[PDB]
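Chains as they are written, first to last, in the deposited numbering: chain U, 23 to 110, 121 to 780; chain L, 424 to 474; chain Z, 985 to 992, 1001 to 1188; chain S, 781 to 882, 890 to 992, 1001 to 1137. Note that the Cβ used here is the ideal one computed from N, Cα and C, for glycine as well.
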Amino acid sequence: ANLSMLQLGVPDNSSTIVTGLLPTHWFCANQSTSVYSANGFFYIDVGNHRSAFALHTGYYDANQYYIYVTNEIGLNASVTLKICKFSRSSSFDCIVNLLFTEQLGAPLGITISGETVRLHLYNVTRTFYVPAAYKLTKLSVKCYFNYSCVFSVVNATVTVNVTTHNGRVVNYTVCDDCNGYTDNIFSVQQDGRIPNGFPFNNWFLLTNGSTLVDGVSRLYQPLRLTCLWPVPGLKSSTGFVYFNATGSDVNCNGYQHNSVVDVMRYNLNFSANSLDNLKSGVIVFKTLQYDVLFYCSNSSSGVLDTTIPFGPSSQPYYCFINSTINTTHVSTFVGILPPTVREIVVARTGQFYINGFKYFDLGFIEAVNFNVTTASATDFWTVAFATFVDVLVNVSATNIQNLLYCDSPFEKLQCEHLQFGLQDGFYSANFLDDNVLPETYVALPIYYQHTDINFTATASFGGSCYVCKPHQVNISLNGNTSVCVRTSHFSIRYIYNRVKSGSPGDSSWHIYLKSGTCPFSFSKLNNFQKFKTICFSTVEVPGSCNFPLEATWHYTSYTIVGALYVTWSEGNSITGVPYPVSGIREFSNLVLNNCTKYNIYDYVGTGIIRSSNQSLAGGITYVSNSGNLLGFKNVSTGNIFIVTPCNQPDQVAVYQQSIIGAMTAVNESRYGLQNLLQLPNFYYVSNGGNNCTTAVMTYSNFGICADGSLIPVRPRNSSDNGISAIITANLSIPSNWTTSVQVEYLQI
Amino acid sequence: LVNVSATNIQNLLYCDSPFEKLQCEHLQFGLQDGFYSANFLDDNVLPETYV
Amino acid sequence: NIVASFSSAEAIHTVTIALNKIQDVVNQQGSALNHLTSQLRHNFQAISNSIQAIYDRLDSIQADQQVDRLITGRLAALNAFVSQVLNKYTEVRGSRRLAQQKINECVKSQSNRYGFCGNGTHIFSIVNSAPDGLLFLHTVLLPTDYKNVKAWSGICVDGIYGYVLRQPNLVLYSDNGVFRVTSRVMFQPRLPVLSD
Amino acid sequence: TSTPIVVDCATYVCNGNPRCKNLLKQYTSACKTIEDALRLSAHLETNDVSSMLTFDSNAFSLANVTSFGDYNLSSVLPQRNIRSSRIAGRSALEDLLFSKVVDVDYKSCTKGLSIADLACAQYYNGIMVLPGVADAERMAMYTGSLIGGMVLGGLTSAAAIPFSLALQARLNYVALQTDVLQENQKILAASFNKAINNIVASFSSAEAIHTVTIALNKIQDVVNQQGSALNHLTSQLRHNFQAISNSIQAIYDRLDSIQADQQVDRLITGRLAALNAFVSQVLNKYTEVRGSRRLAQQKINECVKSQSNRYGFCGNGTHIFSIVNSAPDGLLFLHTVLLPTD
Ligand SMILES: *[C@@H]1O[C@H](CO)[C@@H](O[C@@H]2O[C@H](CO)[C@@H](O[C@@H]3O[C@H](CO[C@H]4O[C@H](CO)[C@@H](O)[C@H](O[C@H]5O[C@H](CO)[C@@H](O)[C@H](O)[C@@H]5O)[C@@H]4O)[C@@H](O)[C@H](O[C@H]4O[C@H](CO)[C@@H](O)[C@H](O)[C@@H]4O[C@H]4O[C@H](CO)[C@@H](O)[C@H](O)[C@@H]4O[C@H]4O[C@H](CO)[C@@H](O)[C@H](O)[C@@H]4O)[C@@H]3O)[C@H](O)[C@H]2NC(C)=O)[C@H](O)[C@H]1NC(C)=O
Ligand SMILES: *[C@@H]1O[C@H](CO)[C@@H](O[C@@H]2O[C@H](CO)[C@@H](O[C@@H]3O[C@H](CO[C@H]4O[C@H](CO)[C@@H](O)[C@H](O)[C@@H]4O)[C@@H](O)[C@H](O[C@H]4O[C@H](CO)[C@@H](O)[C@H](O)[C@@H]4O[C@H]4O[C@H](CO)[C@@H](O)[C@H](O)[C@@H]4O)[C@@H]3O)[C@H](O)[C@H]2NC(C)=O)[C@H](O)[C@H]1NC(C)=O
Ligand SMILES: *[C@@H]1O[C@H](CO)[C@@H](O[C@@H]2O[C@H](CO)[C@@H](O[C@@H]3O[C@H](CO[C@H]4O[C@H](CO)[C@@H](O)[C@H](O)[C@@H]4O)[C@@H](O)[C@H](O[C@H]4O[C@H](CO)[C@@H](O)[C@H](O)[C@@H]4O)[C@@H]3O)[C@H](O)[C@H]2NC(C)=O)[C@H](O)[C@H]1NC(C)=O
Ligand SMILES: *[C@@H]1O[C@H](CO)[C@@H](O[C@@H]2O[C@H](CO)[C@@H](O[C@@H]3O[C@H](CO)[C@@H](O)[C@H](O[C@H]4O[C@H](CO)[C@@H](O)[C@H](O)[C@@H]4O)[C@@H]3O)[C@H](O)[C@H]2NC(C)=O)[C@H](O)[C@H]1NC(C)=O
Ligand SMILES: *[C@@H]1O[C@H](CO)[C@@H](O[C@@H]2O[C@H](CO)[C@@H](O[C@@H]3O[C@H](CO[C@H]4O[C@H](CO)[C@@H](O)[C@H](O)[C@@H]4O)[C@@H](O)[C@H](O)[C@@H]3O)[C@H](O)[C@H]2NC(C)=O)[C@H](O)[C@H]1NC(C)=O
Ligand SMILES: *[C@@H]1O[C@H](CO)[C@@H](O[C@@H]2O[C@H](CO)[C@@H](O[C@@H]3O[C@H](CO)[C@@H](O)[C@H](O)[C@@H]3O)[C@H](O)[C@H]2NC(C)=O)[C@H](O)[C@H]1NC(C)=O
Ligand SMILES: *[C@@H]1O[C@H](CO)[C@@H](O[C@@H]2O[C@H](CO)[C@@H](O[C@@H]3O[C@H](CO)[C@@H](O)[C@H](O)[C@@H]3O)[C@H](O)[C@H]2NC(C)=O)[C@H](O)[C@H]1NC(C)=O
Ligand SMILES: *[C@@H]1O[C@H](CO)[C@@H](O[C@@H]2O[C@H](CO)[C@@H](O)[C@H](O)[C@H]2NC(C)=O)[C@H](O)[C@H]1NC(C)=O
Ligand SMILES: *[C@@H]1O[C@H](CO)[C@@H](O[C@@H]2O[C@H](CO)[C@@H](O)[C@H](O)[C@H]2NC(C)=O)[C@H](O)[C@H]1NC(C)=O
Ligand SMILES: *[C@@H]1O[C@H](CO)[C@@H](O[C@@H]2O[C@H](CO)[C@@H](O)[C@H](O)[C@H]2NC(C)=O)[C@H](O)[C@H]1NC(C)=O
Ligand SMILES: *[C@@H]1O[C@H](CO)[C@@H](O[C@@H]2O[C@H](CO)[C@@H](O)[C@H](O)[C@H]2NC(C)=O)[C@H](O)[C@H]1NC(C)=O
Ligand SMILES: *[C@@H]1O[C@H](CO)[C@@H](O[C@@H]2O[C@H](CO)[C@@H](O)[C@H](O)[C@H]2NC(C)=O)[C@H](O)[C@H]1NC(C)=O
Ligand SMILES: *[C@@H]1O[C@H](CO)[C@@H](O)[C@H](O)[C@H]1NC(C)=O
Ligand SMILES: *[C@@H]1O[C@H](CO)[C@@H](O)[C@H](O)[C@H]1NC(C)=O
Ligand SMILES: *[C@@H]1O[C@H](CO)[C@@H](O)[C@H](O)[C@H]1NC(C)=O
Ligand SMILES: *[C@@H]1O[C@H](CO)[C@@H](O)[C@H](O)[C@H]1NC(C)=O
Ligand SMILES: *[C@@H]1O[C@H](CO)[C@@H](O)[C@H](O)[C@H]1NC(C)=O
Ligand SMILES: *[C@@H]1O[C@H](CO)[C@@H](O)[C@H](O)[C@H]1NC(C)=O
């Protein structure tokens, strides 16, 4: 198949494995008309003759969308695609009706998976969502070798060895080998996407708690690839892998992006034979301080074995963590494995997951050695090197069915509405520019006066054991058991002195405050929170809510150490401050001209503040009837400030599953759309021209035509004469009549 | 009834008379000619009964 | 043309409108019920949306409170639904009144209410059923070609006595010297008589 | 008609807050429905009004005041041109009606500079007030076509007749006239001219004053209601529900997500309920207006184009003709009738 690299999804000057709905044999015959079982097709024309193709069902269904293609040739190919319901070629309900102009000799085609229809236009791919497209399993072909047409009927699960050189495709060789590749192996696409149509055979969604079983939602998941390493050859001699796929052996399949990832994902191989599934071996992690060893055994007596089961078991396996500090062989049970082990995922953050489920959490991992003792290569299908992305996922029986990355404006609309494909028409949009803002602070006059507090903890371990508990923790408030604020302003820190040991074995312990029993979070007491009075204590105080102090050894065991107690009463004598402001006599902050978070005379919100000057006689706060600041006057002077919400909403016109244009309040280019018009009360942004036949979408006195340009609406033309009078005159009196039937519907 | 601006008093209305009391009840400095409901609750200390 | 237009002339305009309207009625009935049903998932300020799940976790002393919150919410949803239903009935009653007028005036009798049943000269109408309603097919006449007519306001005999047609809907005209009378609406000429 | 309103599912609940963008996912099937209802309604209304506002260039041209002569019509006729690329402008009466009782320019709501006006202040809450359908040029084209029909009598070509003749025909309809000389016309033209002047004066500031007052009261009422509905919707944003604040940001500045999400969910529930209520109100108003449009069309056909015999319908007297002009969200009809004196 003389495909382009773009169609294949391969890098230049290289050698890769391509899997999926590929073309193979070419039906170079003059049989005119034929029908095949198919999941798609490719064809090549150059000759000046019509050709046509259709994907359909084995019977006529009035409500099935059918796919019809026609090609006509002149200088270029005029290619028409219609996806519609038909009256037993009369269409009456269409998803798409498009014309493309293509290079002669190009291989063009269609492939279907589930309800996803992919249109291959040589240089580009366009995707549509078509209800029950998977039913369209019959292919009709109208095409002869006599007129240059050749085609390949697409079946399924093809694996091809591809070689590229100097922009050309050199080799296209179908494997007789590559058994099972089509379920596990693919090429990394540009920007790290997983190819549409891939079956996520052993790819789990990661969780921290509950799992999804069936439905559609936006997830944050490690599904963008920087590398992908097939049948990697990992052996006990391999050594440690440092997350970034820059190892000497990592011959990634497809595109490679030389950066640093969030996780490594191990897609494990196994069979039905338990004796080919249980392997001796360990997983070792290099943390910032110590090696950590993970391993399992069949009985609870972990000391008797050191294994990793892959695939299905027939008995429980107990898994433990070992780590040693100067012969202090700390060892703990962690948990029981699932009946079947399919995927292991390790984060740089230290989080370790099996089949999506989090088992333990190390402080940090520099590198991993998946130390399976073996005889073969056949323990792994692939190692993936990935980062987190915002994706829309169709989940079924916990598995990924449809993965949509939302990077482009249209994909983002699909995400925003949680819907795999939209309905042509108008949609509201406001793609909030989520980010970190600077904070402004405006308040009535007051002298600045601030005190520091730290809630500190110092700890010792190894009293009789580790994992069980801390030996002792010393808790204090600036060294006291009680500290109060007697100042206008204050701020509070939390400090865990692992450093007291001089040699932080204590880095294996995590000690921190839990959410308390208080109507505030401890860590947020440094925002501009206001009290009449507070007082803090390290000892029990009647009536005082508290924040428990908890300890863990790598998030396996949990125990309470102590608590911070706090009292308070509401009012406005004491204000929390984000940091220890100094020098300043009277504290305030004001940032202008891009988004901020603000607290202004107790109005709290976000937006953009700009200076102005109007004769605003009266008070200093101006609000909407919804209670939102419109502006404020700066007390000591007459300067006024205007407050606006930077994330403005707009209206988007959608047609043929794409963005056509948009109506906005802001004089700027937008969703790829460049051509900006000014209209009496808005701007319209398009990419269309000024010559576009007819509206396809309408409102008011204008319509949006097929290419997005605007067309004025004109009232229906109609007229007649008046009633003739009793006057000597030349009258016009109807002689010949016809008839028409007018249709009216009334609900009863 | 007070009109407050920048924390300062701008307009001070004492509500002793029936009309001033309507202004108070609706929190409004002047009314619109027409009909209004009224119930100027005679707030005070009552004796308590127990049955 | 109408049947074909419905299956798939300016009749296509009129048919399209009827179809759009019929579809709209159908969609609304479905939508209302879906909303009512969907609201059952809107867990109110309670542990769950399943009453059983609440009773499996909490004794009655607390469970009854959690459930009372769900009950309040669900009763409110029903009240809203009822209001919606009643409003729809009111709308339909309006439509039924109109429909009956058209049956009487435009089917049984034949009106002269220009601009009512059909944009033209109404001859007759056919009525059929449709989803939740009636479809009317109004058959009207439309002029195609008309004649130029040399009309006179009247005859003034001896320079003294004007005579004019009694009926204002008629035209007296000169058919190249032959005086004839026609309707102002349709060119059906005849000779005049004194009794005109 | 009435103005279409479209309200953003999210902006009116959590005004640009990325935390709600996640929390609201669970209400997609209940929140999207708000937009569906509002958008559909706007669509349906636009189509309906568009189907009325037709145009005839012959009658439009013949609507010239010189066709009417002794009877005047100058305060009724659209301004023929405003030296601009526009077919027509509002008549003197229309300028009066609109000015006395009184679409948002959204381009201003991004500049800062001034304390925001009310419109932008509503825009900032996700409440958009859309452009209208019955715009001034359409209404003038429609109206002018109706007026020219008064003089475009049933002649060859597009020849017109004197308005005096047109009226004579409309008199013969009622009772065949037996008099060659129109003694009645000068009386009626003069009387008509006074009536029109009285009406315009009555609107600016005879039992016509009764009838005009009623029209004004009704026009004002329609306007007030549209404003009131939006103010209510907007005001409800302040109704802190059972939560710490009414500002989502203020909640997230104080509480971690484990509690903040609950406080915010209470606010979300409340705000979604407010939107549901609003939508119901809107739909009811559309129903009312549809009733009114049906009537208006009947009057256009029977009392403008034809001339009925439906005593008690268009005008309490002997109906000769009616003039139609635009008004805020509607039509104003001026029914010219005869009243016996002696
Ligand atoms: C309760 O307290 C209130 C709270 O403080 C009080 O309302 C306030 O009342 C004062 C009256 O004392 C307001 O007066 C403003 O004055 C501007 C200042 O100029 C005058 O004063 C200077 C100082 O007194 C003089 O130097 C200057 O006179 C000189 O210049 C003239 C011009 O060159 C000349 O003719 C004179 O000879 C002389 O040489 C002058 O006299 C004034 O600009 C201001 O603007 C309003 O009027 C403009 C004209 O109508 C509008 O263009 C502006 O657009 C203003 O109207 C807005 O406010 C009204 C009041 O809120 C609304 O009705 C309008 O609808 C409009 O509101 C819109 O815009 C607001 C944004 O601007 C927005 O928030 C609204 O939602 C809406 O969008 C005005 O006269 C003062 O501002 C009032 N202050 C406030 C904050 O409202 C109320 O009176 C008290 N209650 C009772 C019972 O009394
Ligand atoms: C179970 O619950 C845990 C609960 O904590 C959760 O783990 C946390 O995951 C997030 C995601 O996995 C980790 O937080 C950070 O994520 C960014 C993600 O990239 C996005 O954002 C950046 C910034 O907005 C964009 O540029 C980018 O395009 C993305 O859109 C990482 O980049 C952060 O890595 C930092 O640390 C590395 C190691 O310290 C550095 O190499 C990297 O440079 C980062 O430095 C930045 O952050 C420091 C933070 O202290 C700061 O000091 C530096 O200046 C700098 O800004 C980062 O990891 C979060 O860390 C995770 N939790 C833990 C314990 O680490 C699990 O995902 C959740 N699991 C599941 C399945 O739900
Ligand atoms: C009831 O509703 C109908 C709709 O159901 C209205 O009937 C139509 O009335 C208009 C005038 O009211 C008719 O007038 C004819 O319009 C044709 C349209 O021309 C445009 O479109 C062509 C095609 O798209 C363009 O090339 C052209 O530039 C225009 O933009 C003209 O083409 C007709 O003129 C021709 O025929 C006459 C008659 O044989 C010749 O004298 C002329 O030279 C010319 O060749 C003409 O104007 C339209 O036909 C009518 N519709 C129907 C269905 O007949 C009815 O008026 C309405 N109301 C009532 C009470 O009847
Ligand atoms: C996942 O693990 C399975 C192992 O559990 C692995 O499948 C095995 O692959 C090899 C490698 O892909 C197979 O091929 C064998 O090669 C040796 C080569 O000299 C032959 O001797 C073998 O002959 C036996 O099997 C034939 C086929 O059944 C018989 O005809 C012959 O008598 C012999 O018994 C054989 O071809 C091996 O079959 C399969 N193993 C299984 C269980 O099928 C799989 O590839 C893994 N894949 C990856 C990527 O990890
Ligand atoms: C994780 O840390 C744990 C914490 O201590 C480790 O547990 C220890 O594991 C070793 C092996 O796992 C035990 O070995 C002991 O060996 C003595 C000596 O006899 C054995 O050797 C002679 C010579 O090879 C042979 O003849 C005998 O048959 C024995 O095989 C035994 O007598 C003990 O019975 C025992 O097996 C340690 O005692 C043991 N710890 C505990 C608490 O038992 C665990 O290894 C670490 N896990 C990993 C994977 O490294
Ligand atoms: C809160 O805890 C810290 C630790 O318990 C105590 O304040 C710390 O004071 C030092 C000295 O004033 C600060 O500066 C440090 O100086 C050394 C030597 O020049 C330098 O290496 C360090 O980089 C640093 O500058 C230290 O910043 C400050 N620590 C903090 C977190 O602010 C502070 O005293 C406590 N609060 C109270 C009430 O005691
Ligand atoms: C929306 O943004 C465009 C941004 O390009 C604004 O239009 C631009 O307006 C300037 C100012 O009127 C144009 O005139 C230029 O002025 C400089 C200074 O006098 C002179 O050196 C240049 O030769 C030129 O005249 C500029 O042509 C024009 N931009 C374009 C593309 O024509 C536009 O007005 C903004 N529109 C609104 C409504 O805010
Ligand atoms: C908690 O405080 C005690 C009290 O300050 C610390 O123990 C003291 O250690 C010094 C140095 O070894 C001895 O001279 C004192 O006699 C010890 N005090 C007591 C009461 O035994 C303890 O080590 C601190 N613990 C932690 C975890 O920091
Ligand atoms: C592991 O050994 C280091 C030495 O190998 C221990 O840290 C030292 O402990 C001695 C006395 O016990 C102190 O003098 C040193 O100054 C310590 N080191 C530092 C940097 O302060 C370490 O505690 C042992 N760690 C264990 C058992 O956890
Ligand atoms: C109604 O008839 C006119 C009369 O011929 C049409 O002719 C022109 O159409 C263009 C494009 O449609 C307009 O820019 C011109 O203003 C129209 N001409 C004139 C003289 O007004 C017009 O298309 C017809 N159809 C409609 C719906 O208006
Ligand atoms: C009845 O007499 C009046 C007088 O003969 C005629 O109306 C005249 O029509 C011409 C038409 O160009 C106008 O210039 C005159 O000003 C009209 N004159 C007057 C005095 O009104 C009328 O046509 C006669 N015929 C009919 C049918 O009424
Ligand atoms: C009535 O027709 C006159 C007919 O002449 C209109 O006035 C003319 O408007 C054009 C507009 O482009 C000017 O060139 C002519 O010079 C004007 N006429 C005169 C006499 O000055 C007049 O506007 C029309 N009146 C109405 C109400 O439509
Ligand atoms: C093919 O796609 C690239 C983007 O991947 C674009 O730059 C190029 O112009 C396209 N070429 C053709 C012939 O469409
Ligand atoms: C598609 O499969 C059938 C079996 O399903 C096979 O006969 C056919 O030749 C295959 N298609 C191609 C292009 O070879
Ligand atoms: C693909 O080609 C390279 C070059 O022929 C060879 O190294 C590789 O093993 C081939 N892979 C397959 C699946 O045949
Ligand atoms: C309380 O803290 C101060 C902190 O500098 C310290 O001097 C004091 O001795 C502590 N109080 C007690 C009772 O020890
Ligand atoms: C935007 O904010 C950054 C801080 O967030 C500041 O450097 C920059 O000047 C800002 N202003 C504008 C208008 O870009
Ligand atoms: C003051 O108002 C004018 C009013 O015309 C505006 O141009 C100017 O930018 C304003 N802003 C400031 C801070 O001066």
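key: Lining residues of ligand 17 - beta-carbon closer than 6 Å to any non-hydrogen atom, in sequence order   = U:470, U:625 and U:626
task = Tell me whether residue 214 (chain U) sits in a helix, a strand or coil according to DSSP, three-state version.
result = helix
query = Count the other CB atoms within 10 Å of the CB of residue 281 (chain U); is the residue buried (16 or more) or exposed (fewer)?
reply = exposed
request  = Report yes or no: do the stretch 416 to 431 of chain U and the stretch 301 to 308 of chain U share at least 3 C-beta pairs separated by less than 8 Å?
outcome  = no
ask   = Along chain Z, which residues have their Cβ under 7 Å away from the Cβ of residue 118 (chain U)?
value = The structure shown gives no position for residue 118 (chain U): in chain U, residue numbering passes from 110 to 121 with nothing in between.
ask   = Any residues in the stretch 325 to 344 of chain U with a beta carbon nearer than 8 Å to a beta carbon of chain Z? Which ones, in chain order?
value = none
task = Following the continuous alpha helix (DSSP H) through residue 245 (chain U), name the residue where it begins and the one where it ends.
result = Premise fails: residue 245 (chain U) is in no alpha helix (DSSP H) and is neither H nor E.
inquiry  = When you compare the CB of residue 908 (chain S) with every CB in chain U, is at least one pair closer than 8 Å?
reply    = yes
message = So that I know if they touch, is there some Cβ in chain Z lying closer than 8 Å to that of residue 549 (chain U)?
response = no
inquiry  = Taking 7 Å as the cut-off, is the C-beta of residue 512 (chain U) nearer than that to any heavy atom in ligand 16?
reply    = yes
request  = Could you have a look at residue 953 (chain S) and say whether DSSP puts it in helix, strand or coil?
outcome  = helix
message = Please tell me whether, using a cut-off of 7 Å, the distance from the CB of residue 206 (chain U) to the nearest non-hydrogen atom of ligand 14 is below it.
response = no
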